[PDB]
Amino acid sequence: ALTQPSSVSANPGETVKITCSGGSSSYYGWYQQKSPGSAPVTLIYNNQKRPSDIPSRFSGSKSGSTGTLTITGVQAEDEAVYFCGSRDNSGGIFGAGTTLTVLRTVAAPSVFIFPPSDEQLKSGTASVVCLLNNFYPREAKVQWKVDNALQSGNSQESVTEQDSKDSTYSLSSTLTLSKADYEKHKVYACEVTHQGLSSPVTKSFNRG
């Protein structure tokens, strides 16, 4: 059973280490996945071997039932999920994945609010979107309020992966109401609470 930490954080320039313990094998391998879609990329295989076009800042090690990936001089593009691979008596085993978080200065989000499109309204559904642009850190709270009533269990959030150039996140909260529900209220607002905001920011519109 390969055990690896869920997260690891480092400032650009720092040297970071990710350890993977477990398995009854002679070799460990490290595979990087940038987005949940992305096919994995071998960074290190057979404990220390490095495939071509992988930077020399990636190092591999093995000490007993432990394997270590070393990134010397972390960069903003090193943000990704790192999977460790090995062998067990049960076959080939993988770790759960370690997420590398590149540290940066705080950044407040840029809040935007979108009313439902007139075409969508014809279909009997209303989707209201609240965009949170380019912020850091990931922890941000979006509160939806319709005619000053806190909405609950009718919104879903989606976060982009941390940027490879400027290490910032972007979140989108979509509130789904029926066309009847959207037609009986006046004001719609999303209230954002982020570390980079001195006080919660509210963006809103008025119709339907």
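Counting begins at 1, following the sequence as shown.
When the two stretches 93 to 101 and 114 to 122 are set side by side, the higher mean Cα temperature factor goes to 114 to 122.
Looking at mean Cα B-factors across 21 to 29 and 189 to 197, the upper value is held by 189 to 197. Taking only the listed residues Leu171, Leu69, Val146, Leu43, the entry reports the highest CA temperature factor at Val146.
Comparing C-alpha B-factors across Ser52, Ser35, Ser56, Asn154 in the deposited entry, the largest value falls on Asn154.
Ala39: CA B factor in the lowest third of modelled residues in this chain (values from the PDB entry). Sort the modelled residues of the chain by CA B factor and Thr160 lands in the lowest third. The PDB entry assigns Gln48 a C-alpha temperature factor belonging to the lowest third of its chain's modelled residues.
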